[PDB]
Amino acid sequence: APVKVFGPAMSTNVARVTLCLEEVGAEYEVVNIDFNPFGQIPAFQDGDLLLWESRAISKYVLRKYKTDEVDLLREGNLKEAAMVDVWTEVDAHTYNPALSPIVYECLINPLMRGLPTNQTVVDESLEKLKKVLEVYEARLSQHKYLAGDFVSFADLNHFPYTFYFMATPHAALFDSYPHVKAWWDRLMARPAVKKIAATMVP
Amino acid sequence: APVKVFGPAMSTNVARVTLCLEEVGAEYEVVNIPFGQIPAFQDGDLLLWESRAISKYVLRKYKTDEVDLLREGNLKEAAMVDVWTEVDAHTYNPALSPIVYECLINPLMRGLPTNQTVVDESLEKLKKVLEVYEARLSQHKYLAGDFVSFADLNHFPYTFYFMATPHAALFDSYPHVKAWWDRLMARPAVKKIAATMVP
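- Per the PDB entry, chain B goes by the name Glutathione transferase and belongs to Alopecurus myosuroides.
- The heading Sequence similarities (unreviewed entry) in the UniProt record of chain B holds the text "Belongs to the GST superfamily. Phi family."
- In its Function (unreviewed entry) section, the UniProt entry covering chain B states "Conjugation of reduced glutathione to a wide number of exogenous and endogenous hydrophobic electrophiles."

- Within the PDB entry, the label attached to chain A reads Glutathione transferase, and the organism entered is Alopecurus myosuroides.
- Note on chain A: under the UniProt heading Sequence similarities (unreviewed entry), the record states "Belongs to the GST superfamily. Phi family."
- What the UniProt record of chain A gives under Function (unreviewed entry) is the line "Conjugation of reduced glutathione to a wide number of exogenous and endogenous hydrophobic electrophiles."

Listed below in C-alpha cells is the structure:
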C-alpha cells in the first residue's frame, strides 16, 4: 500500500517528505498541486493515519521504513539522535530564517510574479547567513555530515531551500566556506537527492 | 549522576528543559550563563544546544512506563506528538510571542513604548490559531491524544508569560483550551518550574 503525499512536488515542504521517502526506498504517490507552490505544507496518508506538517510526516516515514541499512534518525543511540535533533533545530530556527528570504526575494517573487527584489532585505539576510555559515564551516571541518560521520535527517532537512538558494545570484557565497561547499556537493551526489532535485522545477 | 543546564532560569527555553527534567524526576543542576536565551546542557561528555533537542534527549534517557512523553514505541502516537510540537514552533508561538515582547518584555526591560498595534496584529492572528486548538481539545484532553505529552509541555513557557500580559483572559473565550491549560497548570512539575520564572 503506497503512501500518499498531497501537494506540489516543487514545494520545499513537499520535497522534504519525498526526499525522505526516496532515501528509505518507499513507494509513494504524489497527488497534484494545491487547493504558494514553493512553500505549501503537505498532507499525508498512510492507511488510516492522516498527517500534516512536513517535519512530522518525514520523521514518521524515517521510523516506519527504518532498517539496519537505513537509519536516518538514530533513535536507538541517544548521543547520535541528540546530534540529529540539534542540527534539525538549527535548520528550523537559525539557518532557514536566514536563507529563505533570499530565495523569496531573488528567485520566487521575480519568477512567479515579476516582483522586484528588495536588496535591503536580501542584504540583511546575507549578513546573518554569513555568521551562520561560519558555524557550519567549523562543524563540517570535523565530520563529513552535520550529526557525525553518517547522513541523517539533519542534512536532508537542509536540502530543499538550499537547492533553490543555489539558483539565486548568491550561490557563490558557499565558496567562501569550502567544508560547507564540500558537504553540499556530497549531498548533491546522492541518488535520492538527484531524483528529488529533478522534480523541483517551476 | 546529575546533569547540568546552562542559562538563566527565567529563559523561556531553559524552562522547557527544566520542566522536562522535573517531569521525569531527574537530578540536575542549573548554572546561570532576554527571556529567550538558548540553553546549553551537559551529561557526561555529551554537550548539547537547542532546548527542543535537549528536551527530547532528557525524555528518552529517563523514560519509564509511567513517564513516556514522546510515545516513540507507537509510531502513530509519536506522529501526533510531532505534529503538535511543530504547530507550536511555527504557528502558535510566532502568533503569541510578539504579544509577550510588546506587552511585557520590551515595555519593562528595553524601555520601549508598548507598540499597541503589532499587539493587535498578533491578537487577531492568535485568535484564528486558538479556534483550531479549541476544536482539537474538544474531543481529546490533550493535543496528541488522551495522554499528556511533549506536545503539551512545549506550550507552557511562552503561554506562562502570555498569561502575565493584559490579554490573559483571551483563553476564556475558548473553554476547551482554557480547561486544557488548567490541567497543565495543575501538574506538580509545571507548578515547580513556574515558580522559577519570576524572581
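From this point, the discussion proceeds with the structure in view.
Some points on the domain arrangement of chain A
Residues and elements named next belong to chain A.
Item 1. Each domain of chain A was delimited in the assignment, giving domain 1 (3-65) and domain 2 (78-199).
Item 2. Between the C-alpha centres of domain 1 and domain 2 there is a distance of 20 Å.
Item 3. Residue-level contacts link 19 residues of domain 1 with 20 residues of domain 2.
Item 4. Across the interface of domain 1 and domain 2, roughly 1800 Å² is buried in total on both sides, 70% from carbon and sulfur atoms.
Item 5. Between domain 1 and domain 2 we count three salt bridges in total.
Item 6. As a salt-bridge pair, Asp91 and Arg55 come within 3.3 Å of each other at their nearest N and O atoms.
Item 7. Secondary-structure elements contributing two or more residues to the side of domain 1 that touches domain 2 are α1 (12-24) and α2 (54-64).
Item 8. It is α1 that contributes the most residues to the side of domain 1 that touches domain 2, eight residues altogether.
Item 9. Here the residues of the side of domain 1 that touches domain 2 are counted per class, giving nine nonpolar, five polar and five charged.

Quick word on the UniProt feature "binding site: succinate" (unreviewed entry) in chain B
Residues and elements named next belong to chain B.
Item 1. The feature "binding site: succinate" (unreviewed entry), as given by UniProt, occupies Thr12 and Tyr101 in the numbering adopted here.
Item 2. With respect to the helices and strands, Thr12 occurs in helix α1 (residues 12-24).
Item 3. Given a relative accessible area of 1%, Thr12 falls into the buried group.
Item 4. Here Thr12 is in contact with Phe35, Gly36, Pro157 and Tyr158, once residues within four sequence places are set aside.
Item 5. The exposure class assigned to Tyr101 is partly exposed, which follows from its relative accessible area of 28%.
Item 6. The residues contacting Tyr101, other than those within four sequence positions of it, are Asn106 and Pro107.

What counts, and at which threshold
Residues numbered from 1 in each chain as written, not as in the entry; some residues may be left out. Chains lettered and ligands numbered in written order. Heavy atoms only, no water. UniProt positions renumbered as here; feature names shortened; annotations may be inferred. Domains from an automatic or database assignment. Contact = heavy atoms within 4.5 Å. Buried area = accessible area lost by both parts, 1.4 Å probe. Salt bridge = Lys/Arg side-chain N within 4 Å of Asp/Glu carboxyl O. Helix = DSSP H or I, 4+ residues; strand = E, 2+ residues; numbered from the N terminus. Nonpolar A, V, L, I, M, F, W, Y, C, P; charged D, E, K, R; others polar. Buried < 20%, exposed > 50% of the residue type's maximum accessible area, 1.4 Å probe, protein only.

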